[PDB]
Amino acid sequence: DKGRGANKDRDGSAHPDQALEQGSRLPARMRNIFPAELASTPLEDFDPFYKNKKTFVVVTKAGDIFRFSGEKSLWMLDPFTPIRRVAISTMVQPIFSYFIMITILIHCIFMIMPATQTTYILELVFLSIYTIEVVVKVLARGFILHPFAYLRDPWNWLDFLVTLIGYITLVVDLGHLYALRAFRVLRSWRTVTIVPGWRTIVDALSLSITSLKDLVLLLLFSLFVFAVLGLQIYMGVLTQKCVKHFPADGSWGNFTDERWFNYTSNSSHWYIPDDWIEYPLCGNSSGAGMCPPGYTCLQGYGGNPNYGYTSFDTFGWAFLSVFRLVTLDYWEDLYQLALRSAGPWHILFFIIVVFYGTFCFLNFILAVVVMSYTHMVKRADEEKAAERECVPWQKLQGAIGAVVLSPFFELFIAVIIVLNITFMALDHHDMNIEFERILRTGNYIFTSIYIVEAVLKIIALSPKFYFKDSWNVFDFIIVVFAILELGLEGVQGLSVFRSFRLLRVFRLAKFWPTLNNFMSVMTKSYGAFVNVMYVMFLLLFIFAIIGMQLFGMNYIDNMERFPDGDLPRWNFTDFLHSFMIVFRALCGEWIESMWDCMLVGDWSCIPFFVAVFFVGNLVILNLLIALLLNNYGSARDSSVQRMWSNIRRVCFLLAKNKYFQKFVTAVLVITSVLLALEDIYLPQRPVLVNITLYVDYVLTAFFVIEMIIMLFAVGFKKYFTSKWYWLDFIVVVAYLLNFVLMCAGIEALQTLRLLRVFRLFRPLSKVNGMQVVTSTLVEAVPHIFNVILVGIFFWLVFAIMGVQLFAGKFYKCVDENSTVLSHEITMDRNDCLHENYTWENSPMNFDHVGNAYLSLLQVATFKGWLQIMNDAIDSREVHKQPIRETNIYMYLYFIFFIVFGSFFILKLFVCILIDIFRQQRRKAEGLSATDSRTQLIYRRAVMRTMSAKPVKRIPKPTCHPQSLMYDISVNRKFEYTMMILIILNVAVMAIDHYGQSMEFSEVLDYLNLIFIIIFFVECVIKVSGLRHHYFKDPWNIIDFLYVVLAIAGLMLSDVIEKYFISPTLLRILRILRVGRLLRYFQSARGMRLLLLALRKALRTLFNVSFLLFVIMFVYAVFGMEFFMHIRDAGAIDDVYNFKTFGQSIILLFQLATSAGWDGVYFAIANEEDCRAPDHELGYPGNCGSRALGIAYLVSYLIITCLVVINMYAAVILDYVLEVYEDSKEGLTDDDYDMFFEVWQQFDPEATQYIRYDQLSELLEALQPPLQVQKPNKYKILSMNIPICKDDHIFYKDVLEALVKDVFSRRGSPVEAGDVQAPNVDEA
Ligand SMILES: *[C@@H]1O[C@H](CO)[C@@H](O[C@@H]2O[C@H](CO)[C@@H](O[C@@H]3O[C@H](CO[C@@H]4O[C@H](CO)[C@@H](O)[C@H](O)[C@@H]4O)[C@@H](O)[C@H](O[C@@H]4O[C@H](CO)[C@@H](O)[C@H](O)[C@@H]4O)[C@@H]3O)[C@H](O)[C@H]2NC(C)=O)[C@H](O)[C@H]1NC(C)=O
Ligand SMILES: *[C@@H]1O[C@H](CO)[C@@H](O[C@@H]2O[C@H](CO)[C@@H](O[C@@H]3O[C@H](CO)[C@@H](O)[C@H](O)[C@@H]3O)[C@H](O)[C@H]2NC(C)=O)[C@H](O)[C@H]1NC(C)=O
Ligand SMILES: *[C@@H]1O[C@H](CO)[C@@H](O[C@@H]2O[C@H](CO)[C@@H](O[C@@H]3O[C@H](CO)[C@@H](O)[C@H](O)[C@@H]3O)[C@H](O)[C@H]2NC(C)=O)[C@H](O)[C@H]1NC(C)=O
Ligand SMILES: *[C@@H]1O[C@H](CO)[C@@H](O[C@@H]2O[C@H](CO)[C@@H](O[C@@H]3O[C@H](CO)[C@@H](O)[C@H](O)[C@@H]3O)[C@H](O)[C@H]2NC(C)=O)[C@H](O)[C@H]1NC(C)=O
Ligand SMILES: *[C@@H]1O[C@H](CO)[C@@H](O[C@@H]2O[C@H](CO)[C@@H](O[C@@H]3O[C@H](CO)[C@@H](O)[C@H](O)[C@@H]3O)[C@H](O)[C@H]2NC(C)=O)[C@H](O)[C@H]1NC(C)=O
Ligand SMILES: *[C@@H]1O[C@H](CO)[C@@H](O[C@@H]2O[C@H](CO)[C@@H](O)[C@H](O)[C@H]2NC(C)=O)[C@H](O)[C@H]1NC(C)=O
Ligand SMILES: *[C@@H]1O[C@H](CO)[C@@H](O)[C@H](O)[C@H]1NC(C)=O
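Just so you know, the sequence shown maps onto residues 47 to 435, 502 to 746, 833 to 1521 in the deposited numbering.
Structure representation (structure tokens):
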């Protein structure tokens, strides 16, 4: 409406429409003394063929509506209808505009090469093309205002802006920068338009990003507290190397002052085991590493990790690496190196950082993306809604037709394939001569069947008609390329014809049900999907070519700061590297690039790989979840019976009861809590050896009675029946076997007795939340295993591909200490086996299908897929040796995998898990009848109204001038200004470097002294004022402790420490105050809007927190009795083992997010060495666990990284959707709170009334939309406001009346009666 009004005004008012370009015609507004072709209204045709065209255009417009016109608007100064006008007309019309795009696409193909041809001459061409074009557009429209409008309308912003700089670049200073080359390429962001609709998504990401601007102001604070924490805990913790002491009475030193600081400073003796290029962080808080013997562990000695840029000291680095954590990225180092350093207690920090920041604040962005995406599609549905509304031969033929119809044919068809699928499904490297010949026989047999089935159908029914069915068209395309296949391999050459065998595999979709369904919905977005796709490449391409010319000539020139290497594998030299390195950062690892970039490239790289992360991953790759979500929304007869009643009242009586029931649950806990402290060290000196064995017997004594009393009490028929009572019977089974082997026998079957842990489940669902989350898991799992059947399927395609070209390779020559030699000594399996030595494999190969399958999953979840992908590049024949650079075009094989694997399927687990979780909230709280999303809003408002009664208003004790104190405690001066002090106290901590002069130390000591005195005043003025309402007041309790500890700290003095304080918690409690601010944010109301959200979720969000704690505790104990001694090589550093119960959780929180599960897998799949465990005197158990691993990690990553950690996401995006939902319609919770705030003001003594005369003021004292501003008497008098004598009004009459107003002030129509009905019901 507003837009329309604006348009009308311009038609009026003081803009001019110069031309309207419509359907290849430029129709011509002029000049209020002067014309050209004003009329008709109506489909006339006054003049002319031009006239006719105009008429046609008009007609089209009337049909259509707005669509589509190109408006050039005008005055302004000059130009009536010769030369400028003509020019304008030319520009309006569209094939020219098609031109400039081309010269745009021509630059892209020209820029992507290298430098090569120096046509700078051809470079000079395209500028002059655009120099003309910069001229046409400013000539069309006008003059100084419209260069001011040419600034203005913003796609055009980029055509001027960039091309001045492209004009600048001819200008020559070769002085300073070559940044002129930098921003040249941005031109190609035009090319989005091309392709077709273009508009929800470009307009998605535009509405995606400028809503997130609010939210960014959150996390820029959100990071800034924790990087402080890291600064303040972790400062120069992350430099503990391990240094020797002395030759004591030896050779070096005496007086240990200027030489002990010298003998430790030299980087020649501190510990390295075997060239692990960096330096091996140590510890000496117990548990946390250490470090081998004759040593000790010092802090401040040279360097720090990856390339000097990990550590938490010096604030600005502490920002980057903490922001690493919120990304959840390669932290497998920054995990471990910290715990080698400090201790195994500091995951309690890393839970905060990862749990609180990056499990919230990466969802909060997805929250914004999906909301902004849905808001534009429903906006785009309005266009979608409006535009819609001989005899023998004959007999034979008949027979053929019959067989086509039959239950015969498709069956045997679907047989032949599930068999043919199986023939391609072997393709070994070894593949015995007889096996090879079998396989070759397989296809000539099976290819003929295809032609026959195909040759007969076409003949059985109707040629021209036969090509109506696309599947039969698809069926025909098989055997055309099948008969292609055969000739090449008669003929002799070549190669790629073979993989069109894999086009067969698709034939299966028609025979499926679930899969024709799945393939069908994407045939809904042949468009939306590929449009989303096209920008993802474009944005990335935009960053690819700016990366090359920008970082660029640094990799080749410097060349030597790298770890004694010439170039790394992920550089910025050509396009394909510089496309791959930017794509690597999109999926998201982006540090190891950005070490590698900044090490050599000085500064400017830091903005670039954060700009590829936000704009790349959190904006695009969360958008691609919103695409899948909006598309895939789919006497003894009585006496024994009296005993049978006595057993019914023994059991059914005793059974419902809490007091036994909790007695069972408590026991399962402390029995399983005993089960934690088992292993390696049980045989420690056998107090637990014995009780773990007592608890063994006396548990099974409790489980067999458990089983009687449940057996008889509830239900014979339905006890043997259902699932959670199955898991009991099977425990009781299971502990029955062990007794069975205490005498007649003997061993403990260990794993039988570990299904005791399995029953802790159903205390857990009962807990005061998980009822929601549980119901959403065990419901999920049917639809999950529907996706998975699918997700096999595409991987099944991609795998057997990679066998047909990958299989056989991955066999590099190696001397025993692992060195790929290089070349020239190597290049076949002869010259490495003819010398003597060891032509050996890489552990994640593509030899089999299951070997190729698992090794594809490492590139699925982006772990260890650098390490595959280098070897994959390098390999170039079956029995020859792989070389470092060659065969790099098939590094694009992964890109056609990683899209159709990782973003389209691995994130499709999210678009199941959100669709289920909205429904389970409906069956908690709600219904399924409303279903149109408004009635439910109304009901929730009604329930919110019914809720609150009032504050007390902590109302005064009397005096001395104690009264003063409460005149300042509640004031709006003191809370700001004392709070303002807390933000001051923060920024103190922000200044601090490592070890820093005393000069700085004296200052911070001085300033810390100041602030606590003011705080000590804050406390007692706060204390004397409210006193007990202090402690109903959460922050102040915290605000109280840090004060008290400060007096503990600084006051008496110390002596000694520990025995109270020490410096961790003192500073921790000081930082925890700064979260007082979320109270104070109420300013711009989109950001307090979303944080109300967070609390609405946190209690269900803690609940999911517990399952993750739990199925950790599950799989640690269950793995632990699997994963006793197993070497170590390569991510169980002999501190991060499955040995104890501590590290088994330290391990698995790494695996929780699935960061570093390859190198973990590589240990538990390591089969080389072993001394076979004898179960005798002796054994070194340190041996192996293949099948015991695959069925563990894959059973972990599906459970943790797929469902439950995305279940984490489904909670936040439900609630944050619900909240913007209310706000749109509606009435958030903030509003209700502010109402009672101001109600308290007017009703201090919580009488729950208010006087007649004060009502008007109360209606004035509210925030919109509840607020009825003065004058308001005539409006109030409108609402139903009953008064009790004498002239008092009750609150909820007021609440009801006021809230009923607002939905009025919102709306009209039919909701309202619904609302009324709801109210009535409530009453
Ligand atoms: C746990 O880990 C911590 C580190 O986080 C270890 O702490 C280290 O402990 C070492 C002893 O076990 C300390 O060595 C001492 O360090 C003194 C440092 O000297 C100062 O240097 C400044 C710099 O200019 C000088 O101005 C000062 O004047 C100091 O001299 C050595 O001087 C000291 O040498 C001894 O001194 C005594 C007198 O006190 C002599 O009689 C004796 O003959 C010997 O020369 C001594 O070597 C080390 O500094 C300390 N780390 C830090 C960063 O301070 C813990 O030891 C670890 N836990 C365990 C149980 O080992
Ligand atoms: C640990 O102490 C030793 C000596 O106890 C230090 O050795 C120093 O080694 C340097 C070699 O680089 C010697 O170089 C001298 O430098 C000056 C100025 O560059 C020059 O004029 C001399 O002709 C000579 O080249 C130096 O003599 C020697 N120091 C002493 C006191 O003799 C070593 O540097 C110490 N380690 C660390 C990490 O400081
Ligand atoms: C760090 O420690 C290493 C050894 O732990 C030091 O290397 C040593 O450097 C000294 C000179 O400072 C060398 O002494 C020289 O010996 C040769 C004969 O071998 C003689 O021709 C010279 O006149 C001089 O005396 C010593 O050989 C060398 N040893 C080793 C094993 O490398 C290094 O200097 C230390 N650096 C710092 C900064 O402390
Ligand atoms: C195992 O890996 C390392 C390379 O990463 C190599 O170990 C080195 O092996 C040599 C003997 O082959 C050790 O002895 C050295 O021999 C040279 C003469 O060639 C002599 O000048 C030295 O004083 C020393 O005696 C050498 O210490 C050792 N390196 C280390 C750091 O311990 C080796 O190439 C690999 N093994 C095989 C079989 O290739
Ligand atoms: C590494 O490969 C070389 C060959 O490239 C192997 O050397 C060969 O070793 C065998 C037995 O050790 C030698 O055969 C016998 O040698 C004795 C002399 O000791 C001779 O009297 C016999 O008549 C018989 O020929 C063979 O000559 C020798 N060849 C060469 C060229 O040295 C070696 O065994 C391989 N080592 C490993 C660890 O694989
Ligand atoms: C470390 O330095 C001290 C410096 O005093 C050495 O002590 C001297 O040692 C010599 C012989 O080694 C004696 O003749 C002196 O009398 C000692 N000085 C004193 C004050 O007693 C000490 O020997 C040195 N340590 C080593 C291992 O050489
Ligand atoms: C290469 O390997 C084949 C394997 O049969 C062998 O016969 C041949 O002699 C080898 N050639 C060289 C040059 O080592």
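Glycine included, each C-beta is placed from N, C-alpha and C at the ideal position.
Ranked by Cα distance from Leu651, the first of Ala294, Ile590, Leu733, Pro1155 is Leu733.
Its chain contains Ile1103 as the residues whose beta carbon lies nearer than 7 Å to that of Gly989, once the 5 sequence neighbours on both sides are disregarded; these appear in chain order.
Following the DSSP letters along the chain, one finds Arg56 in no beta strand (DSSP E) but inside the alpha helix (DSSP H) bounded by residues 48-58. When rounded, the separation of the alpha-carbon atoms in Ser1476 and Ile1487 is 15 Å. Where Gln64 is concerned, the enclosing beta strand (DSSP E) starts and stops at 63-67. The bridge partners DSSP lists for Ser119 are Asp63. Of the heavy atoms belonging to ligand 1, at least one sits nearer than 7 Å to the Cβ of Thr342. By the 16-neighbour rule on beta-carbons within 10 angstroms, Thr1398 is buried. Within the DSSP bridge table, the entry for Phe1488 names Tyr1447 as partners.
If you check the C-beta of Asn1380 against ligand 3, you find no heavy atom less than 7 Å away. For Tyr341, no alpha helix (DSSP H) run applies; the uninterrupted beta strand (DSSP E) run containing it begins and ends at 341-344, by DSSP. Taking each of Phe520, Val902, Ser1145, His392 in turn and checking the Cα distance to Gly1340, the smallest one comes out for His392. Residue side-chain check: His315 places its Cβ nearer than 7 Å to a non-hydrogen atom of ligand 3. Rounded to the nearest whole angstrom, the CA to CA distance from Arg681 to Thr310 is 35 Å. The closest heavy atom of ligand 3 lies less than 7 Å from the beta carbon of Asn308. Secondary structure of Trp702 (DSSP, three-state): coil. For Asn1206, the shortest C-beta to heavy atom distance toward ligand 1 is 7 Å or greater. DSSP, reduced to helix, strand and coil, places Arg1504 within a helical segment of the structure shown.
In this structure, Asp1427 is the residue among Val1409, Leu1248, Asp1427 with its C-alpha nearest to the C-alpha of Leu1290. Cβ-Cβ separation between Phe395 and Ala273: approximately 12 Å, too far for a contact (criterion under 8 Å). One residue after another in chain order, those with a Cβ under 6 Å from a heavy atom of ligand 4 are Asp1013, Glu1014, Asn1015. Collapsing the DSSP output to three states places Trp322 in coil.
By the criterion of a C-beta distance shorter than 6 Å, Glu1216 is surrounded in its chain by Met1176, once the five residues flanking it on both sides are discounted. With respect to the 8 Å criterion, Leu975 and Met1405 are classified as neighbours on the basis of their beta carbons. Look at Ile1481 here: in three-state DSSP terms it is strand. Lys290: member of the beta strand (DSSP E) spanning 287-290, first to last residue. With a 10 Å radius around the Cβ and a threshold of 16 neighbouring Cβ atoms, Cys1011 comes out buried. Excluding residues up to 5 positions away in sequence, nothing lies with its Cβ nearer than 6 Å to the Cβ of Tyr892 in the same chain. Straight through space, the alpha carbons of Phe1115 and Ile323 are spaced by roughly 48 Å. Between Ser254 and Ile150, the beta carbon gap of about 25 Å keeps them out of contact (Cβ cut-off 8 Å).
Contact between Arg610 and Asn532 is absent: CB atoms are separated by about 14 Å, not below the 8 Å threshold. When DSSP states are grouped into helix, strand and coil, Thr1017 belongs to the strand group. At least one heavy atom of ligand 7 lies less than 7 Å from the C-beta of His1032.
When C-alpha distances from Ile111 are compared across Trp121, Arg50, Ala161, the shortest belongs to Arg50. Between the stretch 1183-1190 and the stretch 1202-1215, the count of C-beta pairs closer than 8 Å reaches three or more; the two stretches touch. In the three-state reduction of the DSSP assignment, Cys849 falls in the helix class.
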